[PDB]
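[1] Build me a model:
(2 chains)
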Protein chains: 2
Amino acid sequence: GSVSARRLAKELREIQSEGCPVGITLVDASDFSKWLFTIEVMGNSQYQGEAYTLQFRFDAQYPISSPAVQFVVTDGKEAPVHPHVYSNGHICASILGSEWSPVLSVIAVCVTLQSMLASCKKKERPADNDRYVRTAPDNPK
Amino acid sequence: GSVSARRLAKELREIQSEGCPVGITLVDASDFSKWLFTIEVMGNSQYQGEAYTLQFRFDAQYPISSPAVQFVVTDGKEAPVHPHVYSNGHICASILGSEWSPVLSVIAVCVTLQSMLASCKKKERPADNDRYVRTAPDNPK
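    Numbers count the residues shown, from 1 in each chain, chains lettered A, B, ... in the order given. Structure as follows:
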């Protein structure tokens, strides 16, 4: 297999071996192009008791390229209302952009986004939400 | 004078007689095209002891057209760090956008933006800040 696929296989092996951190659940890893997790924020937060679906898409340059990561908003699912999360599910987070590194992992991204949700003291959408979502491309990258 | 200027003269007249609400200071109304205020939040808030320069620009259609309103960032001044305030001083606030009414006033806007800064718990920039500022014109409208 390819270098990229093998890296993803190893991450999947580790998720199976180590399990996921609390509140994070692997729902589907049926290929090495798209995976789905559920994310629940634990402790005291604005999202208590809710589970959101988070999608990772991988291109052939992973892990050098960052994964394309978004909350799923299909089939009645809604994105968390958060200042760094657009209503279409796209996410503004440094880990997905300038601060991506191959030293990170899918699970590290999940934990980081869980913590970003946990840090919110007041649920509101991004300022440019409507502007962004009107012209937003399929892939948030 | 024009209808707009007379409306602004009336607002200036009221400001003169009854005064600006606490935290709000008029510093310049030398014509009926551009005014300057300072706004300061009273009490416990993330912005204590800080007074920000707020600039209003009016066109020939005020009060039908909304004023163009931005925090001033020239001459060493900096916009407050806030999720609805861009680093270039531009403001995302519905009172400046869709929910502007000719039935509102310049002081109403000052009060609204003052409240906006008082309601905030974490000084952070908008998610789209750097994307916005490189593309942003002189006029926020």
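[2] now for the longest helix anywhere in chain A, which elements pack on it?
    Ranked by residue count under DSSP state H, the longest helix found in chain A is helix A:3-18. Counting by 3 or more CB pairs under 8 Å, 6 or more residues apart in numbering or on different chains; DSSP states H and E, the packing neighbours recorded for helix A:3-18 are helix A:106-119. Placement of C-beta: from N, CA and C, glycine included.
[3] coming back round to it: any buried residues in the longest helix of chain A, and which?
    By neighbour count with 16 or more other CB atoms under 10 Å in any protein chain shown, helix A:3-18 contains the buried residues A:4, A:7-8, A:11, A:15.
[4] Now render those as CSV, adding distance to residue B:45.
    Formatted as CSV, those follow (distance: CB to CB, whole Å):
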residue, distance to residue B:45
A:4, 49
A:7, 47
A:8, 47
A:11, 44
A:15, 44
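[5] Could you identify the most distant pair in those?
    Largest separation among the buried residues of helix A:3-18 by CB to CB: A:4 and A:15, giving 16.9 Å.
[6] got the phi/psi numbers for residue A:34?
    phi -150, psi 130 (degrees, to the nearest 10).
[7] I'd like the distance from the nearest residue to it once chain neighbours are set aside to chain B, if you could.
    Counting by CB to CB, 6 or more residues apart in numbering or on different chains, residue A:34 lies nearest to residue A:57, which is 5.2 Å off, once chain neighbours are set aside. Distance, residue A:57 to chain B, by CB to the nearest CB, to the nearest Å: 21 Å.
[8] Counting neighbours, what do you get for residue A:57?
    16 (other CB atoms under 10 Å in any protein chain shown).
[9] and it, what does it touch?
    Residues in contact with residue A:57 (CB atoms under 8 Å, 6 or more residues apart in numbering or on different chains) are A:33-34, A:67-69, A:139.
[10] Need those in JSON lines (columns: neighbour count and secondary structure).
    Output for the contacts of residue A:57, formatted as JSON lines (neighbours: other CB atoms under 10 Å in any protein chain shown; DSSP: H, G, I helix; E, B strand; the rest coil):
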{"residue": "A:33", "neighbour count": "13", "secondary structure": "coil"}
{"residue": "A:34", "neighbour count": "14", "secondary structure": "strand"}
{"residue": "A:67", "neighbour count": "23", "secondary structure": "coil"}
{"residue": "A:68", "neighbour count": "19", "secondary structure": "strand"}
{"residue": "A:69", "neighbour count": "24", "secondary structure": "strand"}
{"residue": "A:139", "neighbour count": "10", "secondary structure": "coil"}
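[11] can you tell me which two in those are farthest apart?
    Distance extremes for the contacts of residue A:57: the farthest pair is A:33 and A:69 at 13.5 Å, using CB to CB.
[12] Residues of chain A that sit close to chain B?
    A:83-84, A:92, A:121-122, A:124, A:126-128, A:132 (CB under 8 Å from any CB of the partner chain).
[13] Nearest to residue B:53 among the residues you listed?
    Nearest to residue B:53 among the residues of chain A next to chain B: residue A:127, at 20.9 Å, using CB to CB.
[14] Is the closest one in a helix, a strand, or coil?
    coil (DSSP: H, G, I helix; E, B strand; the rest coil).
[15] Quick check: it touching residue B:83?
    Yes - assessed by CB atoms under 8 Å, residue A:127 is found in contact with residue B:83 at 6.4 Å.
[16] Show me whatever sits in contact with both of these two.
    Joint contacts of residue A:127 and residue B:83 (CB under 8 Å, 6+ apart) are A:83, B:126-127.
[17] Export those residues as CSV, with columns for distance to residue A:75 and neighbour count.
    Converted to CSV, those look like this (distance: CB to CB, whole Å; neighbours: other CB atoms under 10 Å in any protein chain shown):
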residue, distance to residue A:75, neighbour count
A:83, 25, 21
B:126, 30, 23
B:127, 26, 23
